[PDB]
**Student:** 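Here it is: the structure, laid out below.
In what follows, every chain begins at residue 1, and chains take the letters A, B, ... in the order their sequences are listed. All ligand and atom numbering here is 1-based and tracks the order in the structure.
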Amino acid sequence: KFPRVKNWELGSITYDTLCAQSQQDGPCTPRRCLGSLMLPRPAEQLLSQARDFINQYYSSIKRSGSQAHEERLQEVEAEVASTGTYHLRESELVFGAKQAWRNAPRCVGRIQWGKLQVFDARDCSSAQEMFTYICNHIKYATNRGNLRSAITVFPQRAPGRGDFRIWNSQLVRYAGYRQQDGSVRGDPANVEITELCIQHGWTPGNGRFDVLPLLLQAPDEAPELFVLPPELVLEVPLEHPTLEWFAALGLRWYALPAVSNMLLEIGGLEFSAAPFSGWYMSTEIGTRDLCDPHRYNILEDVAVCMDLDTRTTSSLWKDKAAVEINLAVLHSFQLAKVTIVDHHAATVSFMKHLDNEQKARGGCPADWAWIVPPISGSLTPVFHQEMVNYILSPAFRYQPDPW
Amino acid sequence: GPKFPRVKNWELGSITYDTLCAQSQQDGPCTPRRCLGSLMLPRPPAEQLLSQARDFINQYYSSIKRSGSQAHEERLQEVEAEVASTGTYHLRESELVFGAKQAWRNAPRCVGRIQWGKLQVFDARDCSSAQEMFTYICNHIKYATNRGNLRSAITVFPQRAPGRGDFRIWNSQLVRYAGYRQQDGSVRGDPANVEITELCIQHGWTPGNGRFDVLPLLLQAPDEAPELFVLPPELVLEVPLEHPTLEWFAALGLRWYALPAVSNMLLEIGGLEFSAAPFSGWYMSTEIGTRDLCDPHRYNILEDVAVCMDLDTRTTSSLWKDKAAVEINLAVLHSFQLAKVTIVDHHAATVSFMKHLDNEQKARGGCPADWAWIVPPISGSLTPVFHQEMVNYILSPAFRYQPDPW
Ligand code: HEM
Ligand code: HEM
Ligand SMILES: Cc1cc(N)nc(CCc2cncc(CCc3cc(C)nc(N)c3)c2)c1
Ligand SMILES: Cc1cc(N)nc(CCc2cncc(CCc3cc(C)nc(N)c3)c2)c1
Ligand SMILES: C[C@H](O)[C@H](O)[C@H]1CNc2nc(N)[nH]c(=O)c2N1
Ligand SMILES: C[C@H](O)[C@H](O)[C@H]1CNc2nc(N)[nH]c(=O)c2N1
Ligand SMILES: [Zn+2]
């Protein structure tokens, strides 16, 4: 009933008791494990999710059972009973947001979970206004290369009307232009979103790195187009510490990883537009973004530049180039004074985080296939660390694309 | 639409449904509340045995296309009659061959499964002493090794019997290096093997004092204490390790053995349990180059090599670990190739597993697969399998872990 959890490098053992607080089913059953899938497919119920969350909050500030706690429970009941919904207080929002990060099983950066700047944008009534907040968030989060984790929360969903939505999957993204050749110029991941932008009247560039505009949707209205002022979008040109020719590849990446298509659930309330950012781990750029075959697919190009044997897999040309590319990323970010974390530092701090959460909560939900980096996996301590995965609330969930 | 798990490859954008999972008769460790997929080890009655056997026999008759036939219903009848009077039954020779291969085919954690259909099955169900076990194993090693042109093989000893001790091989692999615990707490040799080494010494082995001493075999026949057997060195092919360009690498004195032969697993077929049934294949380079040589709790040579390579080991962001690891892996491949000893790199191994996935889709409607184990420990997303969703579930016949005999 309580899972024994073992680290195979050190022979140490814990027990996850936290998983007993899961109220939401995952995809696995005793018959088959579906844990490597990316997405598997009343008032009473909101009220009890709301109760639980308010309880989580008052306990977190140690005022559990106090008058303030009782009267807030009553406020919530009064509100659901009359209106079918309720609203969060700003500090409750702040607590839920941090907790949603904390509960995120696919996130290796959770050591930082308590350091999060939260912008309340719930007084937002237009796509225009959404853009102003988005700009402030970017200016703040970027902070001249000295990245600071942030979230911005737009108005919750409501039963009789459409969602506030950011169509873009991240705040900063490079266009992907389908060519005549069936080829793709730019980021292949953003072909569809580039097309949408164009359908809504954007004049498109024709580079491998064109920063895309945002499509912002206020309730029940067409999406609106907003260009980010180049000045707000910090970018880092990639070079390599020893290989002079690398810079000539003209490669570059944006500083700010800001997810914008995920839904934030707090005490049963859903926030369909709640972008959040922190900073990159180098393997995301150096390994996935640049080396995935269905992304920029630069591996072969680099290896030929390195005069490596492409003829055969056994020279490990792929592994050699990947390392250099990840190295280029760390070097370049370090030269441009922009926050980055390599995958050894990140995962060492994740181990520390599992230890903190063991003492603090009796466990930590973690998704092994996501926590382990995409190169050099067993070289990192997370690789040898058994992990239990499950869903706690507050939570970030995936949501369907708005079109 | 389809009432079965949807499985997607994210590189290619293709989709399949696993319908094979419906055949699973045994629960794994996950539940709707929590996924326990990353756990290494998660935590006879006549009717029970009979239904397992009936299922296997049905499986056998399917694979030769005689399902529902007179030979099929007669063999069913012959099996229950046997259980009726003795509480067990026995496999026909060709049933054992089918079941053994099926166990390999069924193994979620093996990336080599495209080779499943090519397995030499040695039937050693006549074996009646620890000495004879030794003989059989020597024959296995000789055949499987084939002077570097490695051949997949398995040797099957007698099955578990009611009120009779098991046949057991104490060593977890037929070929393992000794691990000698030191005065200064550290370990000489392979740390993985401390316990078995200590068990061999207790049982009268005169030990060496190197980093690569081939352990002796501790072999156990029913109701007997285990007997000790030294492998004659001419039988254990090893590859001295060198780098194609870094000339100093050969001076490190590293080596590995050719034949990966697992010896501590239970092979279950139709309820029947084969406690001793060593199987062997050939290595994937990452097993040696990444896991065995670089795990912090094994040989742990990453710092040594990175120093030699003159890397900055004082900071993580030099990726000194990543660089050294690549060269150690390249060294494994290069040296095996040079010695003409079969090996496969993690890129070819994974490509060929994708192909195996497509074969099994067509043939069985799915393929049980443990993502954490199929993905290599270096260069993960550089291999196609990283982007392949996988369904994991237990089919039988199967290989199982079993508790150490001591
Ligand atoms: C502060 C530095 C951070 C680092 C270095 C970091 C690192 C990572 C990495 C490597 C992943 C896997 C990403 C992928 O493969 O696409 C990830 C996922 C995730 N992160 Fe973090 N993260 C950070 C901050 C944050 C913040 C501030 C939040 C929210 C407040 C957050 C929430 C999430 C969530 C919800 C996922 C899962 C995304 C998905 O399922 O697609 N992270 N993070
Ligand atoms: C033909 C060449 C083969 C290759 C390249 C190969 C590769 C591998 C690899 C890399 C592993 C993971 C082991 C680890 O991480 O320590 C593995 C596991 C496994 N292999 Fe294969 N294998 C091969 C042949 C075989 C054969 C002949 C059998 C049995 C007939 C087999 C059955 C298994 C089983 C049962 C596991 C799971 C081990 C465990 O649960 O600890 N393999 N294989
Ligand atoms: C806050 C944060 C920090 C950081 N360093 N990295 C991230 C990762 C962001 C990220 C980038 N690209 C892709 C994804 C996941 C994309 C994704 C994947 C799937 C399966 N469904 C979706 N709806 C979306 C996340 C987030
Ligand atoms: C046939 C075969 C081919 C191949 N290429 N590799 C293998 C490797 C098998 C292997 C190697 N090292 C270690 C293990 C695990 C041993 C092992 C033993 C016990 C009792 N519990 C565990 N969880 C694991 C398995 C086997
Ligand atoms: C199918 C497979 O689970 C999928 O490719 C996952 C694996 N692990 C991952 N891990 C991280 N951090 N990011 C990813 O996108 C993925 N992709
Ligand atoms: C904790 C984790 O499950 C464990 O370290 C697994 C991960 N994947 C693996 N994969 C293989 N092939 N071999 C292993 O020993 C492991 N170890
Ligand atoms: Zn699972």
**Student:** For atom 21 (N) of ligand 3, which candidate among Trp279(A), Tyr398(A), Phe396(A) provides the closest heavy atom?
**Tutor:**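 Ranked by closest heavy atom to atom 21 (N) of ligand 3, first place is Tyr398(A).
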**Student:** Name the closest protein heavy atom to atom 15 (O) of ligand 6, giving the residue it belongs to and the distance to 0.1 Å.
**Tutor:**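 Atom 15 (O) of ligand 6 sits closest to the protein heavy atom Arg291(B) NH1, 3.1 Å.
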**Student:** If you have a sec, read the angle at the Zn ion (ligand 7) from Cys35(B) atom SG over to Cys28(A) atom SG, to 10 degrees.
**Tutor:**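 Taking the Zn ion (ligand 7) as the apex, the two atoms subtend 100°.
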**Student:** I need the contact type for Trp8(A) against ligand 6. Using non-hydrogen atoms and a strict under-4.0 Å cut-off, is it side chain, backbone, both or neither?
**Tutor:**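 Neither; nothing of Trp8(A) gets under 4.0 Å from ligand 6.
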**Student:** Report, in ascending order of atom number, the atoms of ligand 6 lying under 4.0 Å from any heavy atom of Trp368(A).
**Tutor:**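 Here the atoms of ligand 6 in question are 1 (C), 2 (C), 7 (C).
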**Student:** As an exercise, identify every atom of ligand 6 less than 4.0 angstrom from a heavy atom of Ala372(B).
**Tutor:**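 Every atom of ligand 6 under 4.0 Å from some heavy atom of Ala372(B): 8 (N), 9 (C), 10 (N).
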**Student:** Of all the atoms in ligand 6, which lie at a distance below 4.0 Å from a heavy atom belonging to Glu386(A)?
**Tutor:**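 The atoms of ligand 6 under 4.0 Å from a heavy atom of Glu386(A) are 1 (C).
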**Student:** What residue and heavy atom of the protein are closest to atom 11 (C) of ligand 6, and at what distance?
**Tutor:**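 The closest one turns out to be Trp373(B) CE3, 3.2 Å.
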**Student:** Among protein heavy atoms, which sits nearest to atom 12 (N) of ligand 3, and what does the distance come to when rounded to 0.1 Å?
**Tutor:**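 For this ligand atom, the closest protein heavy atom is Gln170(A) NE2, 3.3 Å.
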**Student:** Indicate the ring-plane relationship of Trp167(A) and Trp403(A), choosing parallel, tilted or perpendicular according to the 30° and 60° boundaries.
**Tutor:**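 Rings of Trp167(A) and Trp403(A): tilted, 30 to 60°.
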**Student:** Is the contact between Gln385(A) and ligand 6 made by the side chain, the backbone, both, or neither, using heavy atoms and a 4.0 Å cut-off?
**Tutor:**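 Near ligand 6, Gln385(A) shows its backbone, while the atoms from C-beta on stay back.
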**Student:** Describe, in one word, how the ring planes of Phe396(A) and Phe276(A) are oriented to each other, choosing from parallel (under 30°), tilted (30 to 60°) and perpendicular (over 60°).
**Tutor:**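 Tilted: the ring planes of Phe396(A) and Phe276(A) meet at 30° to 60°.
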